[PDB]
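Trainee: Structure in structure tokens, see below.
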Amino acid sequence: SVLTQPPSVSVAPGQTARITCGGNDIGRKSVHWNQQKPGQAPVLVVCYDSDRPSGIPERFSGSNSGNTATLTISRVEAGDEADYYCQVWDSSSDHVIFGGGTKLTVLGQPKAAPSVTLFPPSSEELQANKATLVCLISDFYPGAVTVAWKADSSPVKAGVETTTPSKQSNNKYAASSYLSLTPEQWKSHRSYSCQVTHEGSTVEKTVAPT
Amino acid sequence: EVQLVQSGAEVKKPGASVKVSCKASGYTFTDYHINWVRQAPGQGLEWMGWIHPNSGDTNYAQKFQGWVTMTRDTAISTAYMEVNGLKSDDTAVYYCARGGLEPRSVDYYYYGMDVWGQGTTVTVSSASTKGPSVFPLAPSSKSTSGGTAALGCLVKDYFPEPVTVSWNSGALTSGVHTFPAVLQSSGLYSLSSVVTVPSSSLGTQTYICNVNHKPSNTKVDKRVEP
């Protein structure tokens, strides 16, 4: 059994946030929701589809029907920024299942698109029989990005290491991604690419061993 | 009040086992399930299984059954999770959580999670103090504003955190951007530091990144040239 959530939702302060959790016949199950504020342990914000535990603001509301459970947050405030997860229990497999989570950003500034800088391996590193491509990503908001690498036209998933975003002094975000290769790999392709996706738009930089 | 107190950070070699603990207070340990849930860095919550401390009965998720083991010691109100044959995918925060949400209906006879522990961080790594290798990132103007160039230093494969980077012994601070390190699958860190400078300065001004990894008593002054 699989539960589907959007990886991110952005909302202006005071507006209403809706976070969905899709699952076939999820309406039959009871859905609980967690809020995981940055660096804090998960807490329960909605239980049994639509109940609120004590302490939780009345702005937090839940709904569950058919194939979709929804967490609704009215009059959202900055303090509501967090990752939200739905969870159910699947009786057929005796498993607890979490959705993939939703990052909720409460927009404190306009959206900002990332700048991407891509460095090829240094000749010094190649001499040490290693090769690392360095993809530096900066000045973006909200602080969520996905990075994909390519060798020529083909996706590369092995040897990829990517950081979580970190807030800069200008209150925008930075992250970095690294691709490790053998010198032989680096030399035997025509090019490699770092593709950065942010808010459905993509920036791709390419480097070549030549 | 209800608390679950978890054991501290561990750094473990590939192939080893780790056994983390979860001690319950503020309620009667045998009254509720203990669930285990892990979270790899930047990723989602993943349920591992539960144990009922009264009966001792376990329910392992398919993905974890048979290379992890859940137990408990009711004399000290403590639940344990042992993870075997560690690999890089096992680098994660391991949470315990109480099954305090009683079922309301026999048709959905499930005890949901209410109170969570703070998590135990497990890093799978070669684990020894290790100094970095430092490589130059040669100047490029492709992605910077007009008339400027970015040059940098790649600081590779060190443990533990942190490494510090300055430029020209601190005389250069404008335009410096040091990116926080990534923890690689190897269990070693890498980071990059780049500075943006006038392109006309390149044939003339010398740029040196000053790298310091105190845990390994390593310092590197790397000249970065066009």
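Letters A, B, ... mark the chains of the structure tokens in the order given; residue numbers begin at 1 per chain; ligand numbers begin at 1, in order shown.
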Chain A residues within 8 Å of chain B, counting only C-alpha atoms: which ones, as a PyMOL selection string?

Mentor: chain A and resi 29-30+32+40-44+89+91+94-101+115-117+119+121-122+124-125+161-164+166+174-176

Trainee: Give me, as a ChimeraX atom specification, the residues of region 62-150 of chain A that a backbone DSSP run labels strand (DSSP E).

Mentor: /A:62-65,68-73,82-90,95-98,102-106,115-119,131-140,146-150

Trainee: Quote the spacing between CA of residue 94 (chain B) and CA of residue 14 (chain B) in Å to one decimal place.

Mentor: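 Separating CA of residue 94 (chain B) from CA of residue 14 (chain B) is a distance of 17.2 Å.
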
Trainee: Quick one: pick out all helix (DSSP H, G or I) residues within region 14-195 of chain B from a backbone DSSP run and write them as an NGL selection string.

Mentor: :B and (29-31 or 74-76 or 88-90 or 106-108 or 168-170)

Trainee: List the spatial neighbours of residue 112 (chain A) as a list in words - criterion: any atom at most 7 Å away, only C-alpha atoms, same-chain residues fewer than 2 positions off excluded.

Mentor: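 Contacts, with the query itself left out: residues 110, 114, 139, 140 and 141 of chain A.
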
Trainee: Which residue out of B:72, B:38, B:87, B:222 has the minimum interatomic distance to residue 165 (chain B) when only C-alpha atoms are used?

Mentor: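 Ranking B:72, B:38, B:87, B:222 by distance to residue 165 (chain B), first place goes to B:222.
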
Trainee: Excluding residue 206 (chain A) and its own-chain neighbours fewer than 4 positions away, which residues fall within 8 Å of it when counting only C-alpha atoms? Please give them as a list in words.

Mentor: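 Answer for this query is residues 118, 191, 192, 193 and 194 of chain A.
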
Trainee: Emit the selected residues as a PDB file, in the first residue's frame, including N, CA and C atoms.

Mentor:
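Result file result-v7.pdb:
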ATOM      1  N   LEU A 118      29.176  25.075 -11.999  1.00  0.00           N
ATOM      2  CA  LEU A 118      29.638  23.687 -12.126  1.00  0.00           C
ATOM      3  C   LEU A 118      31.137  23.634 -12.430  1.00  0.00           C
ATOM      4  N   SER A 191      30.504  14.571 -22.320  1.00  0.00           N
ATOM      5  CA  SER A 191      30.199  15.572 -21.306  1.00  0.00           C
ATOM      6  C   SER A 191      29.416  14.997 -20.137  1.00  0.00           C
ATOM      7  N   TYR A 192      29.391  15.756 -19.042  1.00  0.00           N
ATOM      8  CA  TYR A 192      28.509  15.493 -17.903  1.00  0.00           C
ATOM      9  C   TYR A 192      27.696  16.750 -17.550  1.00  0.00           C
ATOM     10  N   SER A 193      26.480  16.563 -17.046  1.00  0.00           N
ATOM     11  CA  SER A 193      25.617  17.702 -16.718  1.00  0.00           C
ATOM     12  C   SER A 193      25.076  17.651 -15.303  1.00  0.00           C
ATOM     13  N   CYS A 194      24.950  18.830 -14.694  1.00  0.00           N
ATOM     14  CA  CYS A 194      24.260  18.989 -13.415  1.00  0.00           C
ATOM     15  C   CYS A 194      22.954  19.734 -13.678  1.00  0.00           C
TER      16      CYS A 194
END

Trainee: By how many Å are CA of residue 16 (chain A) and CA of residue 63 (chain A) apart?

Mentor: 14.3 Å

Trainee: Which residues, written as number ranges by chain, have at least one atom at most 12 Å from region 26-30 of chain B, with only C-alpha atoms counted and residues fewer than 5 positions away on the same chain left out?

Mentor: B: 1-5, 51-57, 72-79, 98-100, 115

Trainee: Write the residues of the selection above to a file with N, CA and C atoms, as a short mmCIF file (atom, residue, chain, number, x, y, z; two decimals), in the first residue's frame.

Mentor:
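The new file part_30.cif reads:
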data_model
loop_
_atom_site.label_atom_id
_atom_site.label_comp_id
_atom_site.auth_asym_id
_atom_site.auth_seq_id
_atom_site.Cartn_x
_atom_site.Cartn_y
_atom_site.Cartn_z
N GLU B 1 5.27 13.94 32.72
CA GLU B 1 4.66 13.75 31.41
C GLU B 1 5.35 12.61 30.65
N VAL B 2 4.73 12.16 29.58
CA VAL B 2 5.22 11.02 28.83
C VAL B 2 6.48 11.42 28.06
N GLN B 3 7.58 10.72 28.33
CA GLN B 3 8.84 10.96 27.61
C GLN B 3 9.47 9.66 27.16
N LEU B 4 10.10 9.69 25.99
CA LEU B 4 10.92 8.57 25.55
C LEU B 4 12.35 9.08 25.39
N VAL B 5 13.27 8.57 26.21
CA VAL B 5 14.65 9.05 26.25
C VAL B 5 15.57 8.07 25.49
N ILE B 51 7.03 -3.27 18.89
CA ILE B 51 7.11 -4.31 19.90
C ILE B 51 6.08 -3.96 20.96
N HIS B 52 5.37 -4.95 21.48
CA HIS B 52 4.56 -4.67 22.67
C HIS B 52 5.33 -5.10 23.90
N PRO B 53 5.64 -4.16 24.80
CA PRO B 53 6.47 -4.52 25.96
C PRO B 53 5.81 -5.50 26.93
N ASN B 54 4.49 -5.61 26.92
CA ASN B 54 3.87 -6.56 27.85
C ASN B 54 4.16 -7.99 27.39
N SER B 55 3.57 -8.38 26.26
CA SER B 55 3.82 -9.72 25.70
C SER B 55 5.25 -9.93 25.18
N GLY B 56 5.88 -8.85 24.73
CA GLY B 56 7.14 -8.96 24.01
C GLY B 56 6.94 -9.21 22.52
N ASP B 57 5.69 -9.33 22.08
CA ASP B 57 5.42 -9.65 20.67
C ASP B 57 5.87 -8.55 19.69
N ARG B 72 12.93 -5.88 24.47
CA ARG B 72 12.74 -4.93 25.57
C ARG B 72 13.10 -5.57 26.91
N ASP B 73 13.43 -4.72 27.88
CA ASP B 73 13.74 -5.14 29.24
C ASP B 73 12.77 -4.41 30.15
N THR B 74 11.74 -5.10 30.62
CA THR B 74 10.69 -4.40 31.36
C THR B 74 11.17 -4.01 32.75
N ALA B 75 12.27 -4.59 33.23
CA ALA B 75 12.77 -4.24 34.56
C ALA B 75 13.27 -2.81 34.60
N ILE B 76 13.70 -2.28 33.45
CA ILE B 76 14.21 -0.91 33.39
C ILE B 76 13.46 -0.09 32.36
N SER B 77 12.26 -0.55 32.01
CA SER B 77 11.37 0.17 31.09
C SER B 77 12.06 0.64 29.81
N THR B 78 12.83 -0.26 29.20
CA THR B 78 13.65 0.11 28.04
C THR B 78 13.39 -0.82 26.87
N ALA B 79 13.20 -0.23 25.69
CA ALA B 79 13.09 -0.96 24.42
C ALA B 79 14.39 -0.79 23.63
N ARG B 98 5.67 6.04 20.91
CA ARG B 98 4.70 5.29 21.69
C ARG B 98 3.40 5.08 20.92
N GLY B 99 2.85 3.87 21.00
CA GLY B 99 1.57 3.55 20.40
C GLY B 99 0.43 3.94 21.31
N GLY B 100 0.35 5.23 21.64
CA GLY B 100 -0.64 5.70 22.60
C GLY B 100 -2.01 6.06 22.03
N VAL B 115 3.43 9.92 21.14
CA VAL B 115 4.61 10.61 21.63
C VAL B 115 5.91 10.02 21.07
#

Trainee: So which one's closest to residue 33 (chain A), A:108, A:142, A:62, A:57? Using only C-alpha atoms, please.

Mentor: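 Closest candidate: A:62.
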